[PDB]
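A single chain comes next, written as structure tokens; it is the form deposited without this ligand.
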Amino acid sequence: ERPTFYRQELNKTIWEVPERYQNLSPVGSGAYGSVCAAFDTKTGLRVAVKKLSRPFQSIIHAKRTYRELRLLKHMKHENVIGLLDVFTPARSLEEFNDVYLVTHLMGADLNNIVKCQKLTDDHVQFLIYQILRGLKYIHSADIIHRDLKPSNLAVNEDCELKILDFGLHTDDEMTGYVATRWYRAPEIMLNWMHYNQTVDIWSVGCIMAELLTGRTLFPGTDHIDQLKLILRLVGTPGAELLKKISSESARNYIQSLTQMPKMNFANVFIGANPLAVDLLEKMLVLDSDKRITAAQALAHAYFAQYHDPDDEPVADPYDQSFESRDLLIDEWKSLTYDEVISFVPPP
């Protein structure tokens, strides 16, 4: 039956949540809503509670809301954020208008870790191993992160990690000297072609490089500057990659550039474990068809001390046919409502 809900104003909005959640405290906007840390008295867990703002304002928001809930209801892996609870104060479809998502709360993100701790190579191994283990699971359900960066990698005090914000920025956001663009595969930064899950491996390459050196790998001041930094390191594209760039416009620009050889990674990453250098070479490949995959990378010798092939699970089939569907707001809202009401807590 239905819990009792109580009301409070947080972030100049009214938050209405079940009594089990106490000591709500704002933690800083999340994807499509604001988030509060809270104490879940029922489980004894520190949780994060996201209130979607205007979930059913438009078709875009309504589909968006359904998308996020579906994604969260499906993911059940130690290295991927999952759904602890989802609720609405509404007693019926008619009054259903607010959606709250509850997940684990981690004490830091990877951006905090990289900024204020010294990471040994063993830390680099473990952290990257977990990101690759989570991505294998995500990629197996045909989900692409597309925006993997240190700020959406949550980490507990034991250095155990979860991936957030997969499967869901404007132009201004990607503009200038900004982390929102530093980890993006070039094919997506410059819209070269229909991209796919390989975009996430480039992002991992960029994060791993940064854990090893403490410094952003390609901190471009804009898209062009960033492309120049990238090509300086990995070489300009060859004939075969070029043909695959289906944007005639992008192909044309990139061919205007002076050809440059790929650099020696052992010279760029002095002191680094040679195995780490090898994996960076396999991840940081301009041609997405030729980058190592998450499943392949887990078997790389850099991860010998963590790799366990019987303990790197794939996901249950994820039906995302809804993605190609056009529906009205009320249709997306009712679909969402069914998913709220049919939620079953993890055990």
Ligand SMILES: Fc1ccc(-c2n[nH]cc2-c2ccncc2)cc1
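Residues carry their position along the shown sequence, with the first being 1.
One more form of this protein, deposited with this ligand bound, exists but is not displayed; see below.
For this session: Identify the site as open or blocked, taking the pose of this ligand in the deposited complex and overlaying it via the site C-alphas; a blocked site has 3 or more ligand atoms within 2.4 Å of a backbone or C-beta atom of the shown form.
Result: Blocked pocket: the modelled ligand, placed by site superposition, has 3 or more atoms clashing at the 2.4 Å cut-off.
Exercise. Which of 241, 217, 127, 211 has a heavy atom within 4.5 Å of this ligand in the deposited complex?
Worked result: Partner contact (heavy atom, 4.5 Å) among the options: 241.
Exercise. Among 114, 190, 268, 275, which has at least one heavy atom within 4.5 Å of this ligand in the deposited complex?
Worked result: None of the other options qualify; the answer is 190.
Exercise. If we take heavy atoms and a 4.5 Å cut-off, which stretch out of 231-239, 87-95, 118-126, 203-211 is in contact with this ligand in the deposited complex?
Worked result: That would be 231-239.
Exercise. Would residue 254 show up as a contact with this ligand in the deposited complex if we use heavy atoms at 4.5 Å?
Worked result: Flag for residue 254 set to yes.
Exercise. Quick one: does residue 286 come within 4.5 Å of this ligand in the deposited complex, counting heavy atoms only?
Worked result: So residue 286 counts as contacting this ligand.
Exercise. Using 4.5 Å between non-hydrogen atoms, is residue 245 touching this ligand in the deposited complex?
Worked result: Judged by the heavy-atom cut-off of 4.5 Å, residue 245 is in contact with this ligand in the deposited complex.
Exercise. Going by this ligand in the deposited complex, which residues of 61-85 come within 4.5 Å of it through any heavy atom?
Worked result: Heavy-atom contacts to this ligand in the deposited complex: nothing from 61-85.
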